[PDB]
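Have a look at the structure below, then the notes.
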Amino acid sequence: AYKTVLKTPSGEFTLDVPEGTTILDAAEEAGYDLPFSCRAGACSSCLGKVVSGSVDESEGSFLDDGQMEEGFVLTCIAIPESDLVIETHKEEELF
Ligand code: FES
């Protein structure tokens with residue numbers, strides 16, 4: 001649904017993420033490969049960083065408030081509230 005740009009280590013990819021759809025799910029659907037392990041919001045495997053737009057990552061229990069203020073997001077659980085630009089594969093820098 002909302003136009004989402006994934007800036008991944010292999011390039012920028014635009015996809016349409018439907019409302020109520022997690023970023024991870026829509027990307028997989030599109031055929032993109034993004035990191036993940038628990039898929040429940042309790043690790044940092046699927047860590048990304050929101051560059052613009054907003055998401056609802058209310059389900060997550062891993063990031064502290066300062067991390068969220070910084071723009072860190074758990075892509076397996078985040079649902080877009082607008083058009084977004086997100087950096088993926090963020091654990092690979094800041095585990
Ligand atoms: S895969 Fe564990 S929080 Fe997203």
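Chains: A, B, ... in order of the structure tokens. Residues: from 1 per chain. Ligands: from 1, in order shown.
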Exercise. Using DSSP on the backbone, list every residue of chain A that comes out as strand (DSSP E), and give them as a PyMOL selection string.
Key: chain A and resi 2-8+11-17+47-52+55-56+72-74+79-80+84-87
Export of the given selection (N, CA, C and O atoms) as a compact mmCIF listing (two decimals), in the first residue's frame:
```
# COMPACT_ATOMS: atom_id res chain seq x y z
N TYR A 2 1.56 1.64 1.13
CA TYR A 2 2.39 2.83 1.15
C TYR A 2 3.72 2.51 0.47
O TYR A 2 4.32 1.49 0.80
N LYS A 3 4.11 3.41 -0.37
CA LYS A 3 5.34 3.32 -1.15
C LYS A 3 6.48 3.27 -0.17
O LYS A 3 6.56 4.14 0.72
N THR A 4 7.31 2.22 -0.25
CA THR A 4 8.40 2.03 0.70
C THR A 4 9.70 1.74 -0.10
O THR A 4 9.61 0.84 -0.93
N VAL A 5 10.73 2.43 0.13
CA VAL A 5 12.06 2.31 -0.45
C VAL A 5 12.93 1.57 0.56
O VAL A 5 13.13 2.12 1.68
N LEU A 6 13.45 0.40 0.19
CA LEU A 6 14.33 -0.29 1.12
C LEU A 6 15.74 0.11 0.73
O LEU A 6 15.97 -0.23 -0.51
N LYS A 7 16.59 0.74 1.40
CA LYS A 7 17.99 1.04 0.96
C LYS A 7 18.76 -0.14 1.60
O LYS A 7 18.99 -0.24 2.81
N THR A 8 19.05 -1.15 0.75
CA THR A 8 19.76 -2.35 1.23
C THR A 8 21.24 -2.33 0.78
O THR A 8 21.51 -1.52 -0.13
N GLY A 11 21.46 -2.21 -3.02
CA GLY A 11 20.72 -1.23 -3.86
C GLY A 11 19.46 -0.72 -3.14
O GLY A 11 19.10 -1.23 -2.04
N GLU A 12 18.75 0.18 -3.85
CA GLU A 12 17.51 0.72 -3.34
C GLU A 12 16.39 -0.01 -4.03
O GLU A 12 16.48 -0.11 -5.30
N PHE A 13 15.38 -0.44 -3.35
CA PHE A 13 14.26 -1.16 -3.98
C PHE A 13 12.94 -0.53 -3.56
O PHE A 13 12.76 -0.53 -2.38
N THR A 14 12.10 -0.16 -4.50
CA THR A 14 10.80 0.42 -4.02
C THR A 14 9.71 -0.67 -4.02
O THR A 14 9.61 -1.45 -5.04
N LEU A 15 8.88 -0.66 -3.01
CA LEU A 15 7.76 -1.66 -2.99
C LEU A 15 6.60 -0.88 -2.35
O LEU A 15 6.80 0.19 -1.82
N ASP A 16 5.47 -1.52 -2.54
CA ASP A 16 4.22 -0.97 -1.96
C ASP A 16 3.91 -1.95 -0.85
O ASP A 16 3.73 -3.12 -1.00
N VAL A 17 3.91 -1.43 0.35
CA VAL A 17 3.63 -2.16 1.63
C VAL A 17 2.17 -1.77 1.99
O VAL A 17 1.89 -0.62 2.26
N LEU A 47 16.66 -5.54 12.31
CA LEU A 47 16.91 -4.13 12.55
C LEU A 47 17.11 -3.35 11.30
O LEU A 47 17.85 -3.76 10.42
N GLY A 48 16.38 -2.25 11.27
CA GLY A 48 16.47 -1.32 10.12
C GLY A 48 16.47 0.09 10.76
O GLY A 48 16.40 0.28 12.02
N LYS A 49 16.56 1.09 9.92
CA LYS A 49 16.50 2.49 10.40
C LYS A 49 15.58 3.28 9.47
O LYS A 49 15.71 3.27 8.25
N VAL A 50 14.61 3.92 10.12
CA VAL A 50 13.66 4.77 9.32
C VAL A 50 14.33 6.09 9.09
O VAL A 50 14.76 6.80 9.99
N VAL A 51 14.39 6.41 7.81
CA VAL A 51 14.98 7.66 7.31
C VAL A 51 13.87 8.71 7.18
O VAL A 51 14.12 9.85 7.55
N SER A 52 12.69 8.38 6.74
CA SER A 52 11.54 9.33 6.57
C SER A 52 10.26 8.53 6.63
O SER A 52 10.29 7.33 6.27
N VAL A 55 6.19 4.61 11.34
CA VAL A 55 5.75 3.23 11.42
C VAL A 55 5.17 3.03 12.84
O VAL A 55 5.43 3.84 13.73
N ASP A 56 4.45 1.94 12.95
CA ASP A 56 3.88 1.54 14.25
C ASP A 56 4.65 0.29 14.59
O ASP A 56 4.47 -0.70 13.87
N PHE A 72 15.70 3.61 14.84
CA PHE A 72 15.80 2.10 14.72
C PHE A 72 14.40 1.49 14.76
O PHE A 72 13.50 2.03 15.38
N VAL A 73 14.23 0.44 13.91
CA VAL A 73 12.91 -0.23 13.79
C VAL A 73 13.10 -1.75 13.64
O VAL A 73 14.07 -2.19 13.04
N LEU A 74 12.12 -2.52 14.14
CA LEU A 74 12.15 -3.98 14.04
C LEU A 74 11.20 -4.24 12.82
O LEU A 74 10.04 -4.10 12.96
N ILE A 79 4.66 -1.72 11.08
CA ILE A 79 3.62 -1.50 9.99
C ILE A 79 3.72 0.01 9.66
O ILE A 79 3.89 0.83 10.59
N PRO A 80 3.73 0.33 8.40
CA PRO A 80 3.89 1.69 7.93
C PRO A 80 2.61 2.49 8.14
O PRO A 80 1.50 2.00 7.99
N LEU A 84 7.49 5.48 3.29
CA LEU A 84 8.72 5.32 4.06
C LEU A 84 9.98 5.08 3.21
O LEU A 84 9.80 4.53 2.08
N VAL A 85 11.08 5.43 3.80
CA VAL A 85 12.46 5.16 3.28
C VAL A 85 13.11 4.50 4.55
O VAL A 85 13.22 5.05 5.65
N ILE A 86 13.52 3.26 4.35
CA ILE A 86 14.12 2.49 5.47
C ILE A 86 15.46 1.86 5.11
O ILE A 86 15.46 1.17 4.04
N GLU A 87 16.43 1.95 5.96
CA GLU A 87 17.71 1.29 5.74
C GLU A 87 17.58 -0.06 6.38
O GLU A 87 17.15 -0.23 7.55
```
Near ligand 1, 8 Å: chain A residue rows, closest pairs, only C-alpha atoms and all ligand atoms, as a Markdown table:
```
| residue | atom | partner | partner_atom_place_in_ligand_line | distance |
| --- | --- | --- | --- | --- |
| A:35 | CA | ligand 1 | 1 (S) | 7.1 |
| A:36 | CA | ligand 1 | 1 (S) | 3.9 |
| A:37 | CA | ligand 1 | 1 (S) | 4.2 |
| A:38 | CA | ligand 1 | 2 (Fe) | 4.0 |
| A:39 | CA | ligand 1 | 1 (S) | 3.9 |
| A:40 | CA | ligand 1 | 3 (S) | 5.3 |
| A:41 | CA | ligand 1 | 3 (S) | 3.3 |
| A:42 | CA | ligand 1 | 3 (S) | 4.3 |
| A:43 | CA | ligand 1 | 2 (Fe) | 3.9 |
| A:44 | CA | ligand 1 | 3 (S) | 5.1 |
| A:45 | CA | ligand 1 | 1 (S) | 4.8 |
| A:46 | CA | ligand 1 | 4 (Fe) | 4.4 |
| A:47 | CA | ligand 1 | 4 (Fe) | 6.7 |
| A:60 | CA | ligand 1 | 3 (S) | 6.7 |
| A:62 | CA | ligand 1 | 3 (S) | 6.9 |
| A:74 | CA | ligand 1 | 4 (Fe) | 5.0 |
| A:75 | CA | ligand 1 | 4 (Fe) | 5.9 |
| A:76 | CA | ligand 1 | 4 (Fe) | 4.3 |
| A:77 | CA | ligand 1 | 4 (Fe) | 6.4 |
```
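Between CA of residue 70 in chain A and CA of residue 25 in chain A the interatomic distance comes to 23.3 Å.
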Quiz item: Please, what distance in Å, to one decimal, runs between CA of residue 71 in chain A and CA of residue 23 in chain A?
Solution: 14.7 Å
Practice problem: Assign secondary structure with DSSP using the backbone only, and return the residues of chain A in helix (DSSP H, G or I) as a ChimeraX atom specification. | Solution: /A:23-29,65-69
Selected residues written out, N, CA and C atoms, as a PDB file, in the first residue's frame:
```pdb
ATOM      1  N   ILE A  23       6.657  -4.602   7.280  1.00  0.00           N
ATOM      2  CA  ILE A  23       7.687  -4.338   6.239  1.00  0.00           C
ATOM      3  C   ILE A  23       8.305  -5.653   5.778  1.00  0.00           C
ATOM      4  N   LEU A  24       8.690  -6.522   6.737  1.00  0.00           N
ATOM      5  CA  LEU A  24       9.321  -7.828   6.393  1.00  0.00           C
ATOM      6  C   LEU A  24       8.412  -8.622   5.507  1.00  0.00           C
ATOM      7  N   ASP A  25       7.142  -8.745   5.891  1.00  0.00           N
ATOM      8  CA  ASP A  25       6.253  -9.535   5.058  1.00  0.00           C
ATOM      9  C   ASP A  25       6.096  -9.085   3.607  1.00  0.00           C
ATOM     10  N   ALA A  26       5.904  -7.833   3.411  1.00  0.00           N
ATOM     11  CA  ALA A  26       5.762  -7.235   2.066  1.00  0.00           C
ATOM     12  C   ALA A  26       6.996  -7.423   1.285  1.00  0.00           C
ATOM     13  N   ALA A  27       8.183  -7.222   1.854  1.00  0.00           N
ATOM     14  CA  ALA A  27       9.466  -7.409   1.117  1.00  0.00           C
ATOM     15  C   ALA A  27       9.652  -8.853   0.649  1.00  0.00           C
ATOM     16  N   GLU A  28       9.297  -9.802   1.533  1.00  0.00           N
ATOM     17  CA  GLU A  28       9.468 -11.236   1.194  1.00  0.00           C
ATOM     18  C   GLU A  28       8.553 -11.588  -0.030  1.00  0.00           C
ATOM     19  N   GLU A  29       7.340 -11.032   0.099  1.00  0.00           N
ATOM     20  CA  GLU A  29       6.340 -11.133  -0.922  1.00  0.00           C
ATOM     21  C   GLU A  29       6.836 -10.599  -2.266  1.00  0.00           C
ATOM     22  N   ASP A  65      13.873   3.332  24.291  1.00  0.00           N
ATOM     23  CA  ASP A  65      13.344   4.564  23.735  1.00  0.00           C
ATOM     24  C   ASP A  65      14.371   5.410  22.964  1.00  0.00           C
ATOM     25  N   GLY A  66      15.574   5.373  23.482  1.00  0.00           N
ATOM     26  CA  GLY A  66      16.591   6.173  22.719  1.00  0.00           C
ATOM     27  C   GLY A  66      16.833   5.546  21.368  1.00  0.00           C
ATOM     28  N   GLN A  67      16.769   4.237  21.361  1.00  0.00           N
ATOM     29  CA  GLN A  67      16.975   3.565  20.028  1.00  0.00           C
ATOM     30  C   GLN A  67      15.867   3.941  19.077  1.00  0.00           C
ATOM     31  N   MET A  68      14.659   3.916  19.554  1.00  0.00           N
ATOM     32  CA  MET A  68      13.516   4.299  18.679  1.00  0.00           C
ATOM     33  C   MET A  68      13.558   5.759  18.253  1.00  0.00           C
ATOM     34  N   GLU A  69      14.047   6.609  19.115  1.00  0.00           N
ATOM     35  CA  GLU A  69      14.160   8.076  18.784  1.00  0.00           C
ATOM     36  C   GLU A  69      15.166   8.285  17.633  1.00  0.00           C
TER      37      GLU A  69
END
```
Quiz item: Between A:9, A:82, A:22, A:95, which one has atoms that come closest to residue 57 in chain A, using only C-alpha atoms?
Solution: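 Of A:9, A:82, A:22, A:95, the one nearest residue 57 in chain A is A:22, counting only C-alpha atoms.
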Quiz item: Expressed in Å to a single decimal, how great is the separation between CA of residue 32 in chain A and CA of residue 93 in chain A?
Solution: 20.2 Å
